[PDB]
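This document opens with one chain alone, in structure tokens, the form deposited in one PDB entry.
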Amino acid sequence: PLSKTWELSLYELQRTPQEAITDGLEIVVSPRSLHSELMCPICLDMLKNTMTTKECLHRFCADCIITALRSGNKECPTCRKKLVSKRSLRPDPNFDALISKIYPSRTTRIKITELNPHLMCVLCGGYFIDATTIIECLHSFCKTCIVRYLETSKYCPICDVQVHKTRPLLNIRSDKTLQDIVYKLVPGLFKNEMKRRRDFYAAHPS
């Protein structure tokens, strides 16, 4: 049920932000390879005018997925969930902005401060951890941050559009693709977060 899906763990109830790297670090971008999270799975090029399925948060070039639906096959090409029409998609300017910085229409080093705005939760001011996306407007937050926020508001923290008339948790989804590209881009973030969890569970055994 919904109550179990978004119940926060003992760790999650006390978690604190993963603070941004602001020291001048540059990350390495390889020539002639893509991060697969930034690749359209239909045309196999970097995403162009990214559109994202509301139900399953899968990304495609706008033209690729609109054309795919005109085959008559009304499903998501990535997971095969039903996809009624292009109104089941939303524009993803965050992915577009990330791509424009990592793959400038082609440098080998990128300042992580240039990427940070696209990888950070505005509620805690740190990097996304268990990124979770409001499906109507495609704004994203840490799981714990948005779950706690929606206990006292039914409106998006960023754009203020009502998430749901009565139960906002119905209209959020875990965003694996966003969290995966965050962990791939931010050095040490996955390692640091898993260490925090291990340290917590060791201090609170059961």
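Only residues modelled in both forms are compared. We call the rigid core the largest set of C-alpha positions that still match within 1.5 Å between the two forms. All residue numbers are counted from 1 along the displayed sequence.
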Between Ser105 and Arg106, how many residues of the deposited sequence have no coordinates in this entry: none, 1 to 3, 4 to 9, or 10 or more?
1 to 3
Which wins on mean Cα temperature factor, 28-36 or 168-176?
28-36
Between 76-84 and 124-132, the record assigns the higher mean Cα B factor to 76-84
Whose CA atom has the top B-factor in the entry, of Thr50, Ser140, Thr152, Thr67?
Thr152
Quick check on the deposited entry: does the C-alpha B-factor of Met194 sit in the lowest, middle or highest third of its chain?
middle
Split the chain's modelled residues into thirds by Cα B-factor; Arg59 lands in the lowest
Please rank the C-alpha B-factors of the chain's modelled residues and tell me whether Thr22 sits in the lowest, middle or highest third.
middle
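Keep in mind that the form deposited in another entry is missing from the display, and what follows is about it.
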Hey, after the core superposition between the shown form and the other one, which of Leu34, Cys56, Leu150, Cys61 has the C-alpha moving 2 angstroms or more?
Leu34
Fitting the rigid core first, would the Cα of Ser85 be found 2 Å or more away between the shown form and the other one?
yes
Note whether the distance between the C-alpha atoms of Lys86 and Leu38 decreases (closer) or increases (farther) in the other entry, against the displayed form; the change is 3 Å or more.
farther
Sense of CA distance change between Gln179 and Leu34 in the other entry, threshold 3 Å:
closer
Core-referenced diff between the shown form and the other one: runs of three or more consecutive residues, each Cα shifted 2 Å or more, sit at 31-35, 84-86
